[PDB]
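Heads up: the structure comes next, in structure tokens.
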Number of protein chains: 6
Amino acid sequence: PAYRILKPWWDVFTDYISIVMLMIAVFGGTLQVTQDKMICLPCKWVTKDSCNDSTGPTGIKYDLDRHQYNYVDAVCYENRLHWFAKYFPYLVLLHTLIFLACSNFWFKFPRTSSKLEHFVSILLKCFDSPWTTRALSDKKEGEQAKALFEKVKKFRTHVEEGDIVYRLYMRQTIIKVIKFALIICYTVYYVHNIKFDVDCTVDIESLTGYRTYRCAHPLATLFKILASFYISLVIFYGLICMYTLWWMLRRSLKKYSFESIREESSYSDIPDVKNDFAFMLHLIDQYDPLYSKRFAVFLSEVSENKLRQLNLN
Amino acid sequence: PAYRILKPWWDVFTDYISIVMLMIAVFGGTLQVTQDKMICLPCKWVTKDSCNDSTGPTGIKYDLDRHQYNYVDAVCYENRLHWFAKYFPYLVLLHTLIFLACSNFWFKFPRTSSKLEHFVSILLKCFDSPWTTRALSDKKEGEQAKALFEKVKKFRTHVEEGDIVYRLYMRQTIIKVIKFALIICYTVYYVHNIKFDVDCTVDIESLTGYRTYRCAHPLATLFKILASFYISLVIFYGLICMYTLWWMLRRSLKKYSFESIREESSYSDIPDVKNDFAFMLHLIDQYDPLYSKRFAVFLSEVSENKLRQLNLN
Amino acid sequence: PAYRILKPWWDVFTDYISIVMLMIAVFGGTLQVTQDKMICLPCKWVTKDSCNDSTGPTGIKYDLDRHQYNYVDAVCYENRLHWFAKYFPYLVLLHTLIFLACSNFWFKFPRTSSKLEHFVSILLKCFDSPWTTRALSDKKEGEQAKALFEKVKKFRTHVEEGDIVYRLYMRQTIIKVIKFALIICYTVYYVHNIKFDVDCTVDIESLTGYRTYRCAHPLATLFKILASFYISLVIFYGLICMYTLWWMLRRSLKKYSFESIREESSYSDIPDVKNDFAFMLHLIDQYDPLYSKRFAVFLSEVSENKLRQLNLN
Amino acid sequence: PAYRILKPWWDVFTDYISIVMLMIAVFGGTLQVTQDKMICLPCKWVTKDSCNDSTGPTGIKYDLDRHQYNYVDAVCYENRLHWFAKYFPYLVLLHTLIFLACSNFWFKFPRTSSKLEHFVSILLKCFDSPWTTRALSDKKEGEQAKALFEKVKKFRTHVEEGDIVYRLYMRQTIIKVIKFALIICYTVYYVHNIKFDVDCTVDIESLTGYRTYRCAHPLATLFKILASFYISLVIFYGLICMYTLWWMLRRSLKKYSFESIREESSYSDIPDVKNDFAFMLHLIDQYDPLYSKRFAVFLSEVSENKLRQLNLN
Amino acid sequence: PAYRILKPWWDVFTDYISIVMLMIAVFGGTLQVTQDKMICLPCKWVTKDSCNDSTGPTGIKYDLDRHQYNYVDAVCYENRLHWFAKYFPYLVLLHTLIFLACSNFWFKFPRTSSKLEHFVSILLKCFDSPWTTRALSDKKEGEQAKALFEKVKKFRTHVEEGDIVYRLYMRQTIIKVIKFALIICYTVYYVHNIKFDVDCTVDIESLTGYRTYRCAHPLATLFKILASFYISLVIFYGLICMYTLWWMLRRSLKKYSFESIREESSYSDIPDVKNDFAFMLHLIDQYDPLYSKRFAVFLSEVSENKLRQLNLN
Amino acid sequence: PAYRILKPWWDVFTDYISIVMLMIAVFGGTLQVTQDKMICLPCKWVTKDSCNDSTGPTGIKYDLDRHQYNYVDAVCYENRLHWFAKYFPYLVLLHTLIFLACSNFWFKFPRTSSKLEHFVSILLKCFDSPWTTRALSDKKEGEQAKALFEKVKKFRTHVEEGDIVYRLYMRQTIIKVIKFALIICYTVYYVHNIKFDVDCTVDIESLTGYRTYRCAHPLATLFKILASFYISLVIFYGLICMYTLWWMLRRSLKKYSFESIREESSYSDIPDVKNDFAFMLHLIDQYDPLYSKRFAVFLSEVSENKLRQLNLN
Ligand SMILES: CCCC[C@@]1(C2CCCC2)Cc2cc(OCCCCCCC(=O)O)c(Cl)c(Cl)c2C1=O
């Protein structure tokens, strides 16, 4: 629904890179389903499995009908063609689905989804209160504010015991970084293996007569373009993931230094949050600090004290 | 709607695995209806009903036009090819539909659908009531709270007599486990029977002249890849099903023990729910214990006393 | 809308069986319009207008180019092939459409659709009314309660004189049963006429030279698979329809015995319903008896009294 | 908008017949675009521009390569095939579009759309008022009641001068019947020009060498099936239209006799609507008579007097 | 939204005609992408750039394989085929997109979209206020009415100074008329230059061996049908546009004649709107005069004085 | 949502040009993947690696089968065909995606998205309140009037510090202008390369026997048409971007003088906005100046004082 408030800028660029990855994966997949044939001809003069390259010119007659051209095309396409040419779109579709599942497992797991839903509910109610204006700058509104005070205190006593959300959000980015590393380790190593002019030697003499054939796989340049684009796009994804991993392993997100807002607002009775709530408060501060600024007045003892004083008067 | 509360975490992994099942099923189906052909050539020298493997090289002339090549391709495609190589996408699509119907029959059945809707409505209303904050730690909401109290008192007697929800959720998982057992029983046995080389001896000499042929089914490798992926993914599905069946036969879900709320909430008078409401309370406890914690205040005669002296005074 | 209460489980299983029959119909139709060809070859030796079946092997030369292969393919495909092999997907799509029309004509015909929507509206309002709590356990709410009383009395005086809903729901299921009988009557008789090998004798000697041909129909096995699947699915559909017809002609749904509820609710002055209102009373009791549970108090004259002296006092 | 209440039952069957017409039109269209081929062979021996039909058998060699077979297929497909075979899907699609435009121009025209919207709004407000039950069987309800009375007296004077809706819905049905007459006049006359066997005598000897050819249009049987289905289905359409035309020129919908409501409601003072409002009230009665019955209270002068008495006391 | 108020009847027929123009455009486009080929044969005997046209008959042998028929087909398709046969669907797609852009630039331009949105909002608020029923024929209603009065006066002071909507609607309709003139000027001139048979002479003897050719373009009849249909449809479009241009240049739409409603409402104090607002009131009068009747009381000085008297008393 | 008010007219024309660009890009892409063919023929009598062009006419025989023709087509399609003839649709799709990203990045970045949405929300709320018209021409209305005064003061204190929105929306246009310069710089330089006639000398005699081939790219004319259309569309896009860049560097949008509204309304105690607030207020003044004028009252301290006087009274 309105879960955009728990997404930083590095989780949106990820969400669009993982969309264009799906785009190129589907495009390569449908193109490989559509054509992906390889045209093969036999060499007459051959030495050490290499073609010898030895009035008016006339055509060379091989004396083959079409159907055993199709057979040798299928055989040399299956056997002597490197597998990375054949199944590259089906690899990258799997990789981008694993990336999407790893990105959205944090939302879809219920043990943290409930906590996130309750958190966004109480922050929406805290943001849509009128009495924070008086707290920062009638009896029914005061008791309504007291009800918000009690439910915010209940949330604070509830969620500050666990570590599951922070642990899950650590374990998502660490395996994203590992997957990026593995992708870069094999894909650029095998990307040279696709090319156009390819030989084959498939040992079928009893069916055609020739021993060695020279083939021409014609989608190779386009597949090379798509693979290079995929390499650059995965590089960008990995730089984003490495940056956010460094940020989260350096900035010590477990506790929130809340004193800076309270010093200027002169509300000294608001302490630091212990764990698993200060992390989400950091993450919404990464959206904007105004939401965390409006949350001080719903956890300050002087603020409940003026609330009950106004209710008594 | 708001039925996502009733679905545990293992019912979401299942619901996404059963989606990618249908994805690979429709992919195999569209590939098979698009091409699924096979190219056959005859062997001139026959030994043991096989191919004997017996100045420049020249082609071998069979003296066959294209159309009887098409005929022998069709005959060797039907008579000498295993049925698992042809109808595997339709088979896995059928099994995917069986799993989906098994998972949603417990919802669309009306006798349990009515009880589930009633249960989720009273949990939403009890979760939205503000009297829980006063009970754990104006008057007109007191009498509507009394109305909710009477509604819960009616519902508790109304659903105590049943067992249908627990029976259906037992039966659905046990037949899902049986379906897993059969699927892994036959698929891994028959998966070896698809291969790129197939020899056919279809006994048509009056139409072509040759007796034995030698073919090349070009999609065998891709179908083997899809089948192995399907087997591993079914293995994940069945591991989840065996885990949830073990949990059901282990934790004794028929009755509920309620003292873990009452001991720390200081409400000495609370009952223990008997059956078919205890199971649903377990099902929402798997989501979170907070909903069961806020449901305790609507079940105590001392809370009835608090409301009665509250709205009298 | 919210007419889904009026559908029992036997009218939801039917609704998915219709969907899956439409799915197999459109799949067979798109496959048949895609290829559905038939490869044909002539036989060089003829006995009883059929193929006689009479150093190394060599091919047989027929001396026919491609175009007069295609001509004889078309001629043998039209003149000497059973019509059930060609128009089976169109036939089953037509049957699925007429089953859907027989399902939804009851809901789209206005002279009963108006009665159904009025009925479901007043049952929703009567079930959601707050006076049922005190009925089963102020003053202006009493005025809306007696407005509900008067509109229920108006509905009872109006719709009881009809018979059209019961008449239509007779005449829909009975013709569904007749159509099942017809489908099972012809389909299992004509299903054995599809096969892979077919011999056409078409008497075209001035265009090719040969007289009798032999043909292969590669789609025969898959069409037989789909046909057997459709036969089994129709048998299950007709079992559902015969069960609901047996129940409906057994229990004699014209009048309701309302005496069961007043035995425990101690409201002896609640009468029986004559006709064409007890029908949907049964039809909503099949959903759940709670809606008829919370409807007795809105038609009884002692409840009229209880509201009347409540407003008086 | 809310125009579903304005459509009688004879415009419900029409709206689905017009959908199945469009679906068979688009099926024929995709057929005729996708393949719609013709296969042609020459006759060596001719007798008055007709084929004379004159050890082992051998083929007949025509000495024609494939591309001048394609040429003679093109020329014999255009010059010697009837136009009803080629453009029948486009004809039926055009007629379906004209039927839809004819049946919805009555709604899309603004000069009557405004009147229909105002009419359905005031009947919704007449149906929503609780004062009707009080009139048939405390002061603010009288205020909105008298507002509704005054706006009904405004509407009745506003819409009584026109004659536009009745005239347009004359013209709609009468041109629908006329188009029925034309369709059945020409389609069953031209349906016999589609046939599997077609003979062309084009006399292009300078490019092939032969004079006459004997062709085979392969989709003729399926096109004949579709055409016969279309004829029967548009016959059903025309019988529906003729029935509603006869109904509308029999029942004399210009004026509304309205005695049947006042005789059972005891309201001796009510008038008869003159024109152009009587027809629409007949139409909503044809939906159901309840809305026409409930409209008597907002026009009777004694009802106005009772409302004025309740507003004064 | 509900912006159908601001579109007259001549701007809805225009919209539907634009939709069917785009439909035939995309149909012709996908047809021309899918096949659009042409079959060409050489003429063995030539006289003045034309074919000389000179036991049993035998075929003519050209000794040309299929691929150099494909070459001559491509060459004679590019050079000696008229371009209007080639790019007519793309031309008509461009024309219908230009027509849609011209029809919606008036709405999407914000400098007029603001005025249209404010005008339609004010007219709807004037329609929905219940004080109009009192005005044409207790203090909160008067305050709401006087707030509406002052905002109507401020809106009148606002929009009377500009003149941009009328001028943009001028510049819209006049370019629509000029574009129609251009389309009809060139399309009927070039429509005669598509035909089935066409003679090409491309001077390639070093590759094929012949000089001139005879060709056949199989889509010519369908393209001519679509072109004639488009010309008739564009004629209808231009008749509609010239009619509305004549009406709008004849009625002098800048200033309103508001006397004919004040003389029957007996509100003698009402001013005539000068420009750019009276044109909008003319446009709403083209929908219905009821909105003009209800808008009279929200500008009358005696209506303001009656409201002041009601507020004071 | 409500961001359409806050987008000038030069971001709607751009937003439609950048969907026409995507439409022609996807059309070119699907055409190129569908056909991707070019027909090549060998030249016998050659000079300087070019085709020298050195009873009745007869065809020229090359003694080549079809599969060698396919091979030489593939080779001359890869090597001697320019890359701009092949990857132009993918290039223009990439440029379209870059333009769309530069269009929507200023929305999707959260650090400015928060400011933009908060600004548009408070503008909508200030436009919604009726007290503005009273100020520019019941104490509870003053209470939320003072609440909106306070939160507008908080907004003015908050957003006026930074410059990020102005910096981003300047950077986006300057890089769009740079991208325009690059595209126009290279596309018109490379557009001359595509043509129907292309020669190739690929040095493969061991496989065919010939050395030079003359070819024909049958889609070069349509690709040239699409390229010229794209160049014109790019030119119009760049003119729009040059206009908005000149507008930015000419109006000096950093501060906003507020003199006109205070001069016409005699509210002399109004301030001048410093930065990052004047920019967005300019950008909605481009929509209409009335939204800026209705915000004048809420910044006015004499309006604050007169509200204080009304609250005192
Ligand atoms: C007039 C003399 C005929 C002799 C010929 C030789 C070929 C080897 C032995 C003789 C030439 C030829 C061309 C054909 O079309 C071109 C090759 C296949 C493309 C079909 C398109 C598709 O892929 O659908 C076909 Cl089909 C045949 Cl059968 C034959 C022959 O028979």
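Ligands are numbered from 1 in the order shown, chains are lettered A, B, ... in the order of the structure tokens, and residues start at 1 in each chain.
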
(message) So that I can see what lies close to stretch 40-50 of chain D, please list as a ChimeraX atom specification the residues with an atom at most 10 Å from it, counting only C-alpha atoms and leaving out residues fewer than 6 positions away in the same chain.
(response) /C:67-68,70-71,206-208 /D:60,62,69-74,76-77,198-201,208-217 /E:55-59

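Taking only C-alpha atoms and all ligand atoms into account, the protein and nucleic acid residues that come at most 7 Å from ligand 1 are residues 65 and 66 of chain A; 65 and 66 of chain B; 65 and 66 of chain C; 63, 64, 65 and 66 of chain D; 66 of chain E; 66 of chain F.
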
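Relative to atom CA of residue C:96, atom CA of residue C:18 is found at 6.1 Å.
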
(request) Among the residues of stretch 94-226 of chain C, find those DSSP assigns to strand (DSSP E or B) from the backbone and print them as a list in words. (result)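 Answer for stretch 94-226 of chain C restricted to strand (DSSP E or B) is residues 197, 198, 199, 200, 201, 212, 213, 214, 215 and 216 of chain C.
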
Next, dump the selected residues to file, keeping only N, CA and C atoms, as an mmCIF file, in the first residue's frame.
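again_37.cif, written as the output of this step:
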```cif
data_model
loop_
_atom_site.group_PDB
_atom_site.id
_atom_site.type_symbol
_atom_site.label_atom_id
_atom_site.label_comp_id
_atom_site.auth_asym_id
_atom_site.auth_seq_id
_atom_site.Cartn_x
_atom_site.Cartn_y
_atom_site.Cartn_z
ATOM 1 N N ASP C 197 -3.419 -43.650 -38.421
ATOM 2 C CA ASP C 197 -3.300 -44.162 -39.778
ATOM 3 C C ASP C 197 -4.668 -44.158 -40.442
ATOM 4 N N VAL C 198 -4.769 -43.480 -41.579
ATOM 5 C CA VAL C 198 -6.004 -43.417 -42.347
ATOM 6 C C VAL C 198 -5.667 -43.585 -43.823
ATOM 7 N N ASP C 199 -6.492 -44.351 -44.528
ATOM 8 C CA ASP C 199 -6.284 -44.657 -45.938
ATOM 9 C C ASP C 199 -7.382 -43.977 -46.740
ATOM 10 N N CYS C 200 -7.000 -43.067 -47.627
ATOM 11 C CA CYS C 200 -7.960 -42.355 -48.456
ATOM 12 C C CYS C 200 -7.924 -42.896 -49.877
ATOM 13 N N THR C 201 -9.100 -43.190 -50.417
ATOM 14 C CA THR C 201 -9.278 -43.488 -51.833
ATOM 15 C C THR C 201 -10.212 -42.421 -52.378
ATOM 16 N N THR C 212 -4.914 -44.826 -54.727
ATOM 17 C CA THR C 212 -5.101 -44.892 -53.287
ATOM 18 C C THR C 212 -3.848 -44.396 -52.586
ATOM 19 N N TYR C 213 -4.046 -43.760 -51.440
ATOM 20 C CA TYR C 213 -2.960 -43.151 -50.696
ATOM 21 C C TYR C 213 -2.995 -43.658 -49.265
ATOM 22 N N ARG C 214 -1.932 -43.366 -48.531
ATOM 23 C CA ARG C 214 -1.865 -43.661 -47.111
ATOM 24 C C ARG C 214 -1.459 -42.395 -46.381
ATOM 25 N N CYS C 215 -2.157 -42.088 -45.294
ATOM 26 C CA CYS C 215 -2.011 -40.805 -44.631
ATOM 27 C C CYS C 215 -1.729 -40.989 -43.150
ATOM 28 N N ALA C 216 -1.022 -40.018 -42.581
ATOM 29 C CA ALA C 216 -0.696 -39.993 -41.164
ATOM 30 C C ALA C 216 -1.191 -38.689 -40.559
#
```

(message) Give me, as a ChimeraX atom specification, the residues of stretch 212-290 of chain E that a backbone DSSP run labels helix (DSSP H, G or I).
(response) /E:220-250,259-265,278-285,290

(message) Just the number, please: distance in Å from atom CA of residue D:235 to atom CA of residue C:91, one decimal.
(response)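 So the two atoms, atom CA of residue D:235 and atom CA of residue C:91, lie 20.7 Å apart.
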
(request) Within 8 Å of stretch 144-158 of chain D, counting only C-alpha atoms, which residues show up once you throw out same-chain ones fewer than 4 positions away? Write them as JSON, numbers by chain, please. (result) {"D": [122, 125, 126, 129, 131, 140, 298, 299, 304, 307], "E": [133]}

Save out the residues we just selected, N, CA and C atoms, as a PDB file, in the first residue's frame.
```
ATOM      1  N   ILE D 122     -33.909  10.716 -10.066  1.00  0.00           N
ATOM      2  CA  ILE D 122     -35.092  10.996  -9.256  1.00  0.00           C
ATOM      3  C   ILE D 122     -35.833   9.714  -8.877  1.00  0.00           C
ATOM      4  N   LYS D 125     -33.909   8.465  -5.877  1.00  0.00           N
ATOM      5  CA  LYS D 125     -34.278   9.238  -4.694  1.00  0.00           C
ATOM      6  C   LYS D 125     -35.704   8.941  -4.241  1.00  0.00           C
ATOM      7  N   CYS D 126     -36.588   8.565  -5.166  1.00  0.00           N
ATOM      8  CA  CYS D 126     -37.927   8.134  -4.782  1.00  0.00           C
ATOM      9  C   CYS D 126     -37.905   6.766  -4.115  1.00  0.00           C
ATOM     10  N   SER D 129     -36.592   6.896  -0.308  1.00  0.00           N
ATOM     11  CA  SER D 129     -37.237   7.671   0.747  1.00  0.00           C
ATOM     12  C   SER D 129     -38.061   6.768   1.662  1.00  0.00           C
ATOM     13  N   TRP D 131     -40.443   7.847   3.559  1.00  0.00           N
ATOM     14  CA  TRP D 131     -41.779   8.411   3.701  1.00  0.00           C
ATOM     15  C   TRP D 131     -42.819   7.658   2.881  1.00  0.00           C
ATOM     16  N   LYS D 140     -37.914  16.877   9.925  1.00  0.00           N
ATOM     17  CA  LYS D 140     -36.841  17.074   8.954  1.00  0.00           C
ATOM     18  C   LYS D 140     -37.005  16.140   7.761  1.00  0.00           C
ATOM     19  N   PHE D 298     -45.274  10.453  -4.613  1.00  0.00           N
ATOM     20  CA  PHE D 298     -44.664  11.743  -4.893  1.00  0.00           C
ATOM     21  C   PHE D 298     -45.374  12.508  -5.998  1.00  0.00           C
ATOM     22  N   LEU D 299     -46.626  12.169  -6.287  1.00  0.00           N
ATOM     23  CA  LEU D 299     -47.418  12.939  -7.239  1.00  0.00           C
ATOM     24  C   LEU D 299     -48.847  13.198  -6.778  1.00  0.00           C
ATOM     25  N   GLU D 304     -49.519  15.073  -0.828  1.00  0.00           N
ATOM     26  CA  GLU D 304     -48.972  16.392  -0.522  1.00  0.00           C
ATOM     27  C   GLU D 304     -49.643  17.001   0.705  1.00  0.00           C
ATOM     28  N   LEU D 307     -48.386  15.237   3.839  1.00  0.00           N
ATOM     29  CA  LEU D 307     -47.033  15.691   4.143  1.00  0.00           C
ATOM     30  C   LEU D 307     -47.044  17.091   4.744  1.00  0.00           C
TER      31      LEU D 307
ATOM     32  N   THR E 133     -33.701  25.088  -5.545  1.00  0.00           N
ATOM     33  CA  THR E 133     -35.126  24.775  -5.606  1.00  0.00           C
ATOM     34  C   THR E 133     -35.964  25.848  -4.924  1.00  0.00           C
TER      35      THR E 133
END
```

(request) Quick one: everything within 12 Å of residue B:135, counting only C-alpha atoms, minus sequence neighbours fewer than 5 positions away in the same chain. Send it as a PyMOL selection string. (result) chain B and resi 129-130+145+265-267+293-300+302-307+310

Next, write the just-selected residues to a file, as a PDB file, in the first residue's frame, keeping C-alpha atoms as the atom set.
```pdb
ATOM      1  CA  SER B 129     -11.753  -1.855  20.140  1.00  0.00           C
ATOM      2  CA  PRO B 130     -10.237   0.675  22.585  1.00  0.00           C
ATOM      3  CA  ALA B 145     -18.303  -2.895  23.840  1.00  0.00           C
ATOM      4  CA  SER B 265      -1.575 -10.193  32.459  1.00  0.00           C
ATOM      5  CA  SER B 266      -3.154 -10.924  35.895  1.00  0.00           C
ATOM      6  CA  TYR B 267      -6.538 -12.260  34.748  1.00  0.00           C
ATOM      7  CA  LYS B 293      -3.167 -11.325  23.579  1.00  0.00           C
ATOM      8  CA  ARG B 294      -5.740  -8.635  22.786  1.00  0.00           C
ATOM      9  CA  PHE B 295      -8.463 -11.295  22.431  1.00  0.00           C
ATOM     10  CA  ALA B 296      -8.080 -12.339  26.082  1.00  0.00           C
ATOM     11  CA  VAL B 297      -9.887  -9.307  27.516  1.00  0.00           C
ATOM     12  CA  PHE B 298     -13.112 -10.239  25.699  1.00  0.00           C
ATOM     13  CA  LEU B 299     -13.355 -13.602  27.480  1.00  0.00           C
ATOM     14  CA  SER B 300     -13.178 -12.897  31.236  1.00  0.00           C
ATOM     15  CA  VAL B 302     -13.957 -10.054  35.715  1.00  0.00           C
ATOM     16  CA  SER B 303     -13.780  -7.949  32.534  1.00  0.00           C
ATOM     17  CA  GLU B 304     -17.565  -8.243  32.286  1.00  0.00           C
ATOM     18  CA  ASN B 305     -17.661  -6.966  35.881  1.00  0.00           C
ATOM     19  CA  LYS B 306     -15.342  -4.069  35.005  1.00  0.00           C
ATOM     20  CA  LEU B 307     -17.611  -3.036  32.135  1.00  0.00           C
ATOM     21  CA  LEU B 310     -18.101   1.086  34.517  1.00  0.00           C
TER      22      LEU B 310
END
```

(request) Have a look at atom CA of residue F:26 and atom CA of residue F:225 and let me know their distance in Å, one decimal. (result) 15.0 Å

(request) Pick out the residues sitting within 10 Å of residue E:5, and hand them over as number ranges by chain; count only C-alpha atoms, and ignore anything fewer than 3 positions along from it in its own chain. (result) D: 110, 114; E: 2, 8, 120, 283-284, 286-288

Those same residues, written as a PDB file, in the first residue's frame with N, CA and C atoms?
```pdb
ATOM      1  N   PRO D 110     -26.546  13.062 -26.264  1.00  0.00           N
ATOM      2  CA  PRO D 110     -26.654  13.826 -25.007  1.00  0.00           C
ATOM      3  C   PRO D 110     -28.057  14.325 -24.709  1.00  0.00           C
ATOM      4  N   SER D 114     -29.098  13.064 -20.948  1.00  0.00           N
ATOM      5  CA  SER D 114     -29.369  13.935 -19.808  1.00  0.00           C
ATOM      6  C   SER D 114     -30.723  13.618 -19.181  1.00  0.00           C
TER       7      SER D 114
ATOM      8  N   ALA E   2     -15.759  13.091 -15.250  1.00  0.00           N
ATOM      9  CA  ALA E   2     -17.111  13.391 -15.703  1.00  0.00           C
ATOM     10  C   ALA E   2     -17.094  14.538 -16.704  1.00  0.00           C
ATOM     11  N   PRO E   8     -19.670  18.254 -26.840  1.00  0.00           N
ATOM     12  CA  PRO E   8     -20.960  18.169 -27.540  1.00  0.00           C
ATOM     13  C   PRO E   8     -21.117  16.876 -28.324  1.00  0.00           C
ATOM     14  N   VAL E 120     -16.216  23.824 -14.642  1.00  0.00           N
ATOM     15  CA  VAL E 120     -17.047  22.640 -14.442  1.00  0.00           C
ATOM     16  C   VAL E 120     -17.264  22.373 -12.954  1.00  0.00           C
ATOM     17  N   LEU E 283     -21.630  26.360 -24.756  1.00  0.00           N
ATOM     18  CA  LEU E 283     -21.238  24.962 -24.877  1.00  0.00           C
ATOM     19  C   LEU E 283     -22.015  24.078 -23.902  1.00  0.00           C
ATOM     20  N   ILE E 284     -22.289  24.573 -22.696  1.00  0.00           N
ATOM     21  CA  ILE E 284     -23.119  23.810 -21.762  1.00  0.00           C
ATOM     22  C   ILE E 284     -24.586  23.803 -22.200  1.00  0.00           C
ATOM     23  N   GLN E 286     -25.417  23.603 -25.219  1.00  0.00           N
ATOM     24  CA  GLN E 286     -25.398  22.508 -26.183  1.00  0.00           C
ATOM     25  C   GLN E 286     -25.546  21.143 -25.522  1.00  0.00           C
ATOM     26  N   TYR E 287     -25.251  21.028 -24.225  1.00  0.00           N
ATOM     27  CA  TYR E 287     -25.591  19.812 -23.493  1.00  0.00           C
ATOM     28  C   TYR E 287     -27.058  19.834 -23.076  1.00  0.00           C
ATOM     29  N   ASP E 288     -27.442  20.807 -22.248  1.00  0.00           N
ATOM     30  CA  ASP E 288     -28.832  20.966 -21.838  1.00  0.00           C
ATOM     31  C   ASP E 288     -29.023  22.369 -21.287  1.00  0.00           C
TER      32      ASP E 288
END
```
